[PDB]
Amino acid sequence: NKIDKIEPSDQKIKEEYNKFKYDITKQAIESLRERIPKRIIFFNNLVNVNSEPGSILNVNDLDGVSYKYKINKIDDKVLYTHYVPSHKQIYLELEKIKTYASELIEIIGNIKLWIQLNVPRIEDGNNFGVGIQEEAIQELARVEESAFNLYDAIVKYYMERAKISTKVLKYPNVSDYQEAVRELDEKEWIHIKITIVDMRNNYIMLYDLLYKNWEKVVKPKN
């Protein structure tokens, strides 16, 4: 009543699948030999490890005047007596953050998939090297998950900033609402810079982790 072999029946698909496992290995090795070290230097050029404290995580280049509450005393924000514009400077920086996050997820996802495809058949005993594989997969997914949540967090920034702006329009002299907008912008600005450092450091620990344990990641058994 049964056959118990599950090789793909279509021989053309069987080759395309095997070509796929080859192509991943290329991308995985390629990321480790070229892409990732270059990205380490890239983010380091943005947040140099040798910087003195407070020279990275500061708020001095943050424009606190161009994008605050304004009064007016084929169109735009001119038919209204008071508007509250968005922080274009933070917008431009957030756009860069998403690019760093996308390219990270692509790179990490294929390296993680490659290690998963290298996990051997489950057996009893002598699978200490498999734990190393699992630790690497775990750390890769953790970094990947962290970058994935950035896209949703950015929508929350605009939604939260907009809510406060409505309150500023209703209570334009209650100053704590305006300080809240400023503080929201300053917080997002700091979070952006901490994200960039996390990029730099994550690429480094992931590269260092895989490099040290490369022999067990590839051949986890004898």
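Residue positions are given as counts along the sequence shown, with the first one as 1.
Gap between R121 and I122: none; every deposited residue in this span has coordinates. Remark: stretch with higher mean C-alpha B factor among 110 to 118 and 75 to 83 is 75 to 83. Mean CA temperature factor is higher for 61 to 69 when stretches 158 to 166 and 61 to 69 are set side by side in the entry. Note on the listed residues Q89, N149, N127, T99: the highest Cα temperature factor in the record is that of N127. When the modelled residues of the chain are ordered by their C-alpha B factor, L32 lands in the middle third. Compared with the other modelled residues of the chain, the Cα B-factor recorded for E186 ranks in the lowest third.
Remark: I40 belongs to the lowest third of its chain, ranked by C-alpha B-factor as recorded. Sort the chain's modelled residues by C-alpha temperature factor and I204 lands in the lowest third, per the entry. Per the PDB record, residue ranking by Cα B-factor puts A180 in the middle third of the chain.
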